[PDB]
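One structure is given below, encoded as structure tokens.
The chains carry the letters A, B, C, D and E, assigned in the order they are written, with residues numbered from 1 in each.
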Amino acid sequence: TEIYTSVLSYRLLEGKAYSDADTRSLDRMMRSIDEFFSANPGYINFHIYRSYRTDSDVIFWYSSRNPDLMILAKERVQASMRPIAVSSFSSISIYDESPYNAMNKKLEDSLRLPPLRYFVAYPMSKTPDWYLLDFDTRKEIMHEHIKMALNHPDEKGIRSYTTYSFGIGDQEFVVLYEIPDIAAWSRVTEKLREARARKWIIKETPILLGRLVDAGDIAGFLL
Amino acid sequence: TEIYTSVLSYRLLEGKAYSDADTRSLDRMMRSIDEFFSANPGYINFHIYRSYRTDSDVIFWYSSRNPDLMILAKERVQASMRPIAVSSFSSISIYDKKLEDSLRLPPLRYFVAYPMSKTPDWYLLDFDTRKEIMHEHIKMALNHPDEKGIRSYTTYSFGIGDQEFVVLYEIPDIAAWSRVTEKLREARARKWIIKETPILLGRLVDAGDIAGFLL
Amino acid sequence: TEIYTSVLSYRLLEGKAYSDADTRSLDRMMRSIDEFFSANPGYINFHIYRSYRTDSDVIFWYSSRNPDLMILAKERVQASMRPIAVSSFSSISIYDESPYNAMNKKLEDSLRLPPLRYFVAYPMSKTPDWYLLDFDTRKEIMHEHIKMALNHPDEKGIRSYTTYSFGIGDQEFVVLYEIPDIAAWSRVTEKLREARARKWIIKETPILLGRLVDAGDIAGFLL
Amino acid sequence: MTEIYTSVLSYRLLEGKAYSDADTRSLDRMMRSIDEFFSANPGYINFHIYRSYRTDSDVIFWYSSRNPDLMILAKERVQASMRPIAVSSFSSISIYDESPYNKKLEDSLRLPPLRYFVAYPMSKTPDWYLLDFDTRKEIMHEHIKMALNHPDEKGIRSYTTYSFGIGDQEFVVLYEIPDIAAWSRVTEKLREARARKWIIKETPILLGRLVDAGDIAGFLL
Amino acid sequence: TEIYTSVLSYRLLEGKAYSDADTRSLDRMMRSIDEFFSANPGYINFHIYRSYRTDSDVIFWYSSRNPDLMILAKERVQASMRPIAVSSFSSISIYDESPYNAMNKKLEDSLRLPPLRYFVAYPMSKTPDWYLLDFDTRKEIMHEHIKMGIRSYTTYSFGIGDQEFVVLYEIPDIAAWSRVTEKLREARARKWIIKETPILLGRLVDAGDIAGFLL
């Protein structure tokens, strides 16, 4: 029943000049990755992003209820990327659907919508003291944050996903956002620095910022 | 009487395309490592895992009472892997239904390894106090509806590695284990626990199947 | 409305002697990058710097209102550098225009002034406690800081830009400075260690220090 | 009677190349040649080679001399021999604290080495040095007594060395040990000493298995 | 009239067997770097050092009042080193001439003295809390430390590097120096001192001799 997700980033190896043949080879490879995901109904979503950071050229995001499909997908992407690139980040985590369920929405339905132009992903953790607080006081601290986010004008049109990775990765959470406007998102985040929740929040690096790209267009953008 | 254990992870080197002959060579090499371990009953266990993390392609886990076998194993695996791969992690530690019998059971589908340490203040607490704290934590785990079927081994590495403990888990269900872990954040024991890196998550694989998965 | 900015740094790969041909190639490539930025009026500024740090050989700094131009610029620079170099830093952030508005002046005008000889950039963040202080408390603390800078004997000629990157990079701010004199700036910074503001400031690494260079002159300096 | 310096260096064979039998013979010749280099100069008090339990090293070297010129010459020789095939994963230079032996520490260094070796850097918090000398003395005496009284301390040879101002750590502590698990149990017990409150930065911990120069190529390749 | 200084360290690339041709080439290149510095009186000093640390083979130290000569020197060294080596550290900082001015001496005169056998450099910073102490309190604490052969240089790099200070020493004896540093751990000043890494320790070498030592 639970939905797993991964975010992977890769950087093309330096020290090599790329021929036209190399460009075409990259294009065929990205199209093939895209076809791998489209061919299996078990993949709920798969999107590719160009990267604003120089430590990555491409970011991949995909989701499935099947943990076997999750490892197969990682190996597929890795096998395709390794002759020309190295991974700069990976995460595996599980969507928390409760914010969607609370609003009579299905998280999966959101994942099936055509993606927004930008994507933000980062790991996040909280200090040990956070979990040692009463469920009630944590609820209050979190309500303030949620209320504050909901009330921001620049919040309009953002799709937010909280995912958990306790016991299975180097962070407790991986938080994912589909966003229409980089500056607007930054302003929302800046306002949310005003929430008490911040006092317990740590380790939000790397923050990945991506620009949606079709598989057939990426080689042309990169090379 | 002590039983040692090691977890090693490796990443295949980038920048090279693998031919069909390279794929066969990898298959032979992986099967050769597997048979290295099976040929010596001194190795209580040996398992290979596919890696969820992109910083590794394979994880190895093996155990022996014989510290000589532990260094021979590390050298064997490294000698086999170095032409095509680099290690991304290693640990050597000592384990804390006999544990040996448990290690001989058929392995579960998933595996988690991670280093961990505790704050200096922890060890300065009374043994009875620490025992009580550790028992609440065990009890909290045992009572969680998602804990069913998880096997855990706490191993120690004081003075012999870069963490104080390496805790190893065989788990049937990744999401279930993550939920148990989340609940355990509420245990008193967590106050003194220093998360260390990396947390490794693996999918059990037969040596004969790994070249097909990787390449 | 918002103006975006990026600072990128690259290190030439080691282990190869550069021929005369390789020198010509680097000169041509740098000239071509520069023509890329000059040809598009959508790029408000673009400057190249030689690097005092050994972990870089070149620093690029450019600005645009257009985030599409920003991702295209990053991809263009990365595609040009990757056969011979690896990136050692990148940032994407948004100018804060209010300090300029407070002195009745436009930030864009300033970005159009002839560049000064030296350049400093670094990331910076603040402790969670900072954002939880009242808005008027932060104004008082920041006033002390800004005034202390303005009255320093060594402050002459310095142009500073505070840029923000909440939710879009690994730091909260990227602070950029054009300076006429390195030691003068260092003395100003040393005095500002006495400002109350320092209590809440963290993570000022890496600090990049650059010497202004024209695209057609850098090959000569690097090789 | 002047100070005795020591260095621990570790190296990892470069990945991405298959080693031929000729490569194996070359490594054997090189290791034997390094061992001869240390043996030929009586200024080197000891020199031992260790196989490494960690994957980030294949070999660990330990050597000592009163002559700091011989120390840098040793590091340069080892690096020159290793660099065509390996990268260094750790190095240290430090000076033995002879007070616990004061027996002669040099006599201990000249004994045949034990089967295992542990080395690691260590530092203390700034606050430690600011404590009254009596308080530091009382804390160190507690630690030493707790170590002396542990059954598993049997037959371990310990060396504390200092590197204030000359390296990235304050101390490099070195142990010759007969048994890995016994050492780990001693170390575990010693977490109960108050000394621990001020100790930081004990990474990497290097754990080695003694090896003859003529046997290492066979073990590694 | 400030004086800038840089410390650069480099490590020869591994994976290459150096021929005799390569040794001669290294020798020519080192002598050529030395000739570059000697030929320009704008450089107040320039010295090369062998390194105790395996992460460096060579350390360079030079000084100039002219910041455009400083970037020229770094690029010159980097251009020569690039085909065979990678830099493991660099700093750029400015001498604090006040201790020399307090004793009515000139820092520059001291930089022109024949160098001592050993060189120590490391970055250092202080906690924020330090600078916010009353000017009075700071001067008192510093007087205990200052009061508590060796040639010392404090250099500052506020706002221009990853550390606040780079402290440089020419020393005649390593062990004696380690003992001085241990004693100074007792100075009140240490409360607020952080981040002294890497500590580089160098042995003075002539340009003409370095190739023979390294290869």
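Here is the rule we use: contacts are C-beta pairs under 8 Å (C-beta built on N, C-alpha and C of every residue); 3 or more make two chains touch, one makes a residue touch a chain.
Labels paired with UniProt names: A, B, C, D, E = Chlorite dismutase.
**Q** What's the overlap between the neighbours of chain C and those of chain D?
**A** Per touch definition, common to chain C and chain D: E.
**Q** Indicate the whole-number Å distance between the mean C-alpha point of chain A and the mean C-alpha point of chain D.
**A** The mean C-alpha positions of chain A and chain D differ by 45 Å.
**Q** If you average the CA atoms of chain A and of chain C, how many Å lie between those two points?
**A** Whole-Å distance between the two chain centres: 28.
**Q** Using the touch rule from the top of the page, what residues of chain E touch 2 or more other chains?
**A** none
**Q** Quick one: do these chains touch in a line, a ring, a star, all-to-all (complete), or other?
**A** ring
**Q** Could you spell out the chains in ring order, with the walk beginning at chain A and its first step landing on chain B?
**A** If we begin at chain A and move next to chain B, the sequence is A, B, D, E, C.
**Q** Hey, which residues of chain D end up touching chain E in the complex?
**A** 2-3, 5, 7, 9, 14, 68, 71-72, 75-76, 79-80, 82-88, 90-91, 93, 95, 126-127, 129-130, 162-168
**Q** Which part of chain E faces chain D closely enough to touch in the complex?
**A** Checking each residue of chain E against chain D gives 12, 14-18, 50, 52-55, 57, 120, 174-175, 177-182, 185-186, 188, 190-191, 193, 197-199, 201, 203, 213-215.
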